[PDB]
Amino acid sequence: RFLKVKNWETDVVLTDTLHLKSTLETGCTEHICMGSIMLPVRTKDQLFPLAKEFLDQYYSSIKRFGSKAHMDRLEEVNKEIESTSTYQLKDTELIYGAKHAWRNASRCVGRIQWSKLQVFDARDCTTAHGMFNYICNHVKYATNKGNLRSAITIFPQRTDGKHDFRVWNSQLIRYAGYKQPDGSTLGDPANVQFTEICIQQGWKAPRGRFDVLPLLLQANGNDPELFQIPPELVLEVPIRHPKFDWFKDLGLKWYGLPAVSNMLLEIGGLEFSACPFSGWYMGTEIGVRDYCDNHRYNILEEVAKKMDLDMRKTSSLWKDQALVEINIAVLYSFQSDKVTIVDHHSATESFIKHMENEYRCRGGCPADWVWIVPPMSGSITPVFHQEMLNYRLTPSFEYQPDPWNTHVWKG
Amino acid sequence: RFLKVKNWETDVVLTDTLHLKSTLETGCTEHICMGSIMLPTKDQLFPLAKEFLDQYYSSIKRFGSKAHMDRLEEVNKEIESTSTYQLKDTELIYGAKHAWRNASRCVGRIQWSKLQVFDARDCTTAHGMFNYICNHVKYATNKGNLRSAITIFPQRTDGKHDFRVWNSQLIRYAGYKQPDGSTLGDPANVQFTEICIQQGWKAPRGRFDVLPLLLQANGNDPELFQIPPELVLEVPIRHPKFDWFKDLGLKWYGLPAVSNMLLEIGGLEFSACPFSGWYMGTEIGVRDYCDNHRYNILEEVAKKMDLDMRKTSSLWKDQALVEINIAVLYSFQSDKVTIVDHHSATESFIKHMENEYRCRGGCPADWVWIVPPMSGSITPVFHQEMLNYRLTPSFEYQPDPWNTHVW
Ligand code: HEM
Ligand code: HEM
Ligand SMILES: Cc1cc(N)nc(CCc2cc(N)cc(CCc3cc(C)cc(N)n3)c2)c1
Ligand SMILES: Cc1cc(N)nc(CCc2cc(N)cc(CCc3cc(C)cc(N)n3)c2)c1
Ligand SMILES: OC[C@@H](O)[C@@H](O)[C@H](O)[C@H](O)CO
Ligand SMILES: [Cl-]
Ligand SMILES: [Cl-]
Ligand SMILES: [Cl-]
Ligand SMILES: [Cl-]
Ligand SMILES: [Zn+2]
Ligand SMILES: [Zn+2]
Ligand SMILES: [Zn+2]
């Protein structure tokens, strides 16, 4: 099968053949599209084909397909699986696999960068204290005094599912949220449940609007343990506006390092349940989502009020006007402080260049339009008019249940 | 068999059961989602007729009644004998309203039941088609107090006597390739304009020339007609704060009337079925004005605003976009021409969708089209999970007639 995608702005038509390598399910069928649904132990028998498929891909990529080295490796893994029910990745394979999981991440507009990922191998880690040290090192490396560098840290793979490594935080750095008796929220509403867990576990909460959460870390299936990230390692940016001098008195700031820590990395059938990865922000993630979602910091009203916009009717577009000014502020603040950030025009322009290159060299670039098109000004970015095909390639990043839902407490 | 949709803003969860009535294909498979692809005989007719008549008789609470059974037989008899059948006026009206109700890409469906249906199945000639369309335009426009309407010409027979409106919308602007290399007018309409010229239209060659209608009756060669200029309501675009905005010489038409789609009811195919509503402001200010392959005015507006256009990160494009969209809404409002802003329309759609889940068991919706082309996240549809599926009666795409027509 050849599948065509068209760009409705340029009339450029591309041909996808990479979809023939797709594996897992999309959730969709011939009768129902689930394109806007956010979320729609392995046996020996299941594991060897998965491992073989991965190794064949790896050895093709190094131009050693069918070599003695390739064949010896398949045999070595086969024997390892039959006698241990699992296998260990070589470091080169782990690097390749992590980079490919990013390259395959259909919801990621930042993939032009995929080949420049620093992979920290933490598979020798045994304890939560060990995890804490690895994570601090990751943060320091990735932050790089504001010249941000993409990185992933990979903890030991799942064995029987009773010994999982997990970062209980959804991101390495994120702000606490506190539900008040009057039903209001102090700080970030997205993190209320996790904040309550930290407090229950012993965290002394400062109870302010931007308190950096402690890490809650589980090694080897043990109960998780609390650790404070050294404050000097957490780079933050006070938010101001280039023309509006009152913007700073909103008291806004954000952290520089976006670091997703709640996803599962699948490579050759192996499951890495603790694999925090980080890049740098696109400005709308902070300006649109984190600041202006109604269930997040929800600042639109306050900003528009200070701007003295006509808020009597939605048709003045007061909400849209304020939204643009906040996003200006986020970009201005990061740039002024020399902390890496990308605006949504630059990011989507680079994505389309990446995507076209992927079509030429790889036969495709799976992409989820719902996530790729930015949450403001969609139509004026080059991804809006670009048709995309969404499908699942491995290696991959996957969602997993929050661990407090599944953890067996030891006491 | 029961599907859940979640709202990520409210945590509200809804259950869809209506998808089990879906019939046509989505284009997606278990392996690949085509959600962002824009276009992904006698034996066949009776089940479709039956499927439709069953839904109709259920709708008026007479399912399994003698009148239901008698109508089913009547239609069976008619297909057996004539190879087709004719809808009762009641069925035609129900079918057209439901094709709108079922349009998963339309944010405006809260209004679905208020549609005015003009039955033009007695039309036989292109000149007749022209008369029906002027009447639709005048009725729908209603001096700026716009009213939804559809006009339904005769159904397809053997497929070589199709009624077609060759225009993509009843009202749209000409586009002309220039010796310059640039485009004058609307680049979306370049090809259709050339066909009109080929067919003999005296083109004014200006920036906002309302295209003539090119109408095909009974599979005959299409004919050219000019909509009475006094029936085409237009709005000059100005800004409530920027006095220079009017200098750009911008205007748009008040009536959005899609005229290139096909209406399927009970297996019958209505290849000419122009329908109209009123505009959501982003359709003119974001798509028509700011797409690069449309009027592409972002740069000129930003220049007049004196924005820093050195770097994308100043968000000059976003700034000019908002101002253009303010000016569209202001202009329509000031001239008392119905228009809806994207916050109001999406709020109404969420209210409609909840109604539909509770009274109908679901509401097929295509997030890619339902989320407005600017400020997506700050509208209540962004955080709303949707299920997209195809119910009939339906509006469908069909190929442009110049690729098909035998002259
Ligand atoms: C280098 C700079 C990066 C940028 C600018 C970037 C940008 C983004 C954005 C904007 C989204 C979601 C759309 C939105 O939030 O509006 C996203 C999603 C995602 N990205 Fe990236 N990304 C970057 C690096 C990375 C890295 C290093 C990885 C992993 C190695 C990664 C993997 C993912 C994944 C798996 C998702 C989907 C998350 C989910 O489903 O919840 N990205 N990216
Ligand atoms: C009454 C006011 C109406 C409003 C505000 C409205 C709004 C819209 C919008 C905004 C879109 C496309 C998304 C976009 O342009 O950003 C759309 C698509 C559509 N609407 Fe409506 N609509 C209205 C009335 C109607 C009527 C009366 C019908 C048919 C009887 C209809 C059927 C459709 C169909 C079939 C599409 C998909 C068109 C395509 O695939 O190109 N709508 N609507
Ligand atoms: C490594 C990395 C770097 C970087 N800069 N950004 C990311 C993505 C982080 C992310 C985090 C959260 N909490 C939510 C979303 C979108 C949540 C969302 C999106 C859409 C389109 C709909 C919906 N309901 N929710 C994205 C990862
Ligand atoms: C009856 C009626 C009333 C009313 N107010 N609006 C309409 C819709 C008219 C319409 C017309 C055109 N040419 C394009 C689009 C979106 C084209 C589009 C959308 C998306 C999301 C992507 C893409 N490539 N193209 C919509 C109909
Ligand atoms: O407070 C808990 C939440 O932060 C958490 O459940 C996230 O929503 C989840 O991990 C998805 O990112
Ligand atoms: Cl974030
Ligand atoms: Cl979100
Ligand atoms: Cl339009
Ligand atoms: Cl468009
Ligand atoms: Zn799909
Ligand atoms: Zn959001
Ligand atoms: Zn467009």
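Note that ligands are numbered from 1 as they come in the structure, with each ligand's atoms numbered from 1 the same way. Per chain, numbering begins at 1; letters A, B, ... match sequence-line order. Just the heavy atoms: all of them, side chains too, but no hydrogens, waters or symmetry mates, feed the values below.
Nearest protein neighbour of atom 2 (C) of ligand 3, counting heavy atoms only, is A/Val260 CG2, 4.3 Å. What sits closest to atom 3 (C) of ligand 3 on the protein, heavy atoms only, is A/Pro258 CG, 3.9 Å. Nearest protein heavy-atom neighbour of atom 32 (C) of ligand 2: B/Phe275 CE1, 3.5 Å. B/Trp278 O, 3.5 Å is the protein heavy atom nearest to atom 4 (C) of ligand 2. For atom 17 (C) of ligand 3, the closest non-hydrogen atom on the protein side is A/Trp371 CH2, 3.6 Å. The protein heavy atom nearest to atom 37 (C) of ligand 2 is B/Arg105 CB, 3.9 Å. For atom 16 (O) of ligand 2, the nearest non-hydrogen atom of the protein is B/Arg287 NH1, 3.7 Å. Taking atom 27 (C) of ligand 2 as the reference point, the nearest protein heavy-atom neighbour is B/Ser276 O, 3.3 Å. Protein heavy atom nearest atom 12 (C) of ligand 2, with residue, atom name and distance: B/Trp369 CE3, 3.8 Å. Looking only at protein heavy atoms, the nearest one to atom 43 (N) of ligand 2 is B/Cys106 SG, 3.4 Å. Scanning the protein for heavy atoms near atom 21 (C) of ligand 3, the closest one is A/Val370 O, 3.4 Å.
Using a 4.0 Å cutoff on heavy atoms, B/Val107 counts as a contact of ligand 2. Using a 4.0 Å heavy-atom cutoff, A/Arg174 is listed among the residues neighbouring ligand 3. Not close to ligand 2: B/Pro256, with no non-hydrogen atom less than 4.0 angstrom away. Taking a 4.0 Å cut-off on heavy atoms, B/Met38 fails to register as neighbouring ligand 2.
Within the 4.5 Å cutoff, the side chain of A/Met263 has heavy atoms near those of the A/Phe277 side chain. No side-chain heavy atom of A/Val237 sits less than 4.5 Å from a side-chain heavy atom of A/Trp254. You'll find the side chain of A/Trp369 stays beyond 4.5 Å of the side chain of A/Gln386, heavy atoms only. A/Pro382 has its side chain out of reach of A/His345: every pair of non-hydrogen atoms, C-beta onward, lies at least 4.5 Å apart. A 4.5 Å side-chain heavy-atom check between A/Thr153 and A/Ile135 finds every atom pair outside the cut-off.
Close contacts of ligand 3 with A/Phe277, meaning ligand atoms under 4.0 Å from a residue heavy atom, involve 1 (C). With ligand atoms numbered from 1 in the order given, ligand 2 contributes 10 (C) to contacts under 4.0 Å with heavy atoms of B/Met280. Taking a cut-off of under 4.0 Å to the non-hydrogen atoms of A/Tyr281, the atoms of ligand 3 that pass are 5 (N). Near A/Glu285, the atoms of ligand 3 lying under 4.0 angstrom from a non-hydrogen atom of the residue are 4 (C), 5 (N), 6 (N), 7 (C), 8 (C), 9 (C).
No part of B/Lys6 comes within 4.0 Å of ligand 3, judged by heavy-atom distances. Of all the heavy atoms of B/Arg109, none lies under 4.0 Å from any atom of ligand 2, so neither backbone nor side chain is involved. The proximity of B/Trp100 to ligand 2, defined as any non-hydrogen pair under 4.0 Å, is limited to the side chain.
B/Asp291 lies close to the Zn ion (ligand 12), since one of its N, O or S atoms is found at a distance under 2.8 Å. Coordination check, A/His385 versus the Zn ion (ligand 12): passed, since an N/O/S atom of the residue sits under 2.8 Å.
When A/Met38, A/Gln171, A/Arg289 are ranked by how near their heavy atoms come to atom 14 (C) of ligand 3, first place goes to A/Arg289.
Using a 3.5 Å distance cut-off with no hydrogens or angles, the side chains of B/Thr392 and B/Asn102 do not pair a donor with an acceptor. A donor and an acceptor atom, one from each side chain of B/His342 and A/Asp320, are located under 3.5 Å apart. A/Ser106 and A/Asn390 form a side-chain donor-acceptor contact under 3.5 Å, judged by distance and modelled atom types alone.
Residue B/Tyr397 has at least one nitrogen or oxygen atom sitting less than 3.5 Å from a nitrogen or oxygen atom of ligand 2, judged on distance alone. Considering backbone and side-chain N/O atoms, A/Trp280 comes within less than 3.5 Å of an N/O atom of ligand 3.
The residues B/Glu385 and B/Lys4 are annotated as not salt-bridged, no charged nitrogen and carboxylate oxygen being separated by less than 4.0 angstrom.
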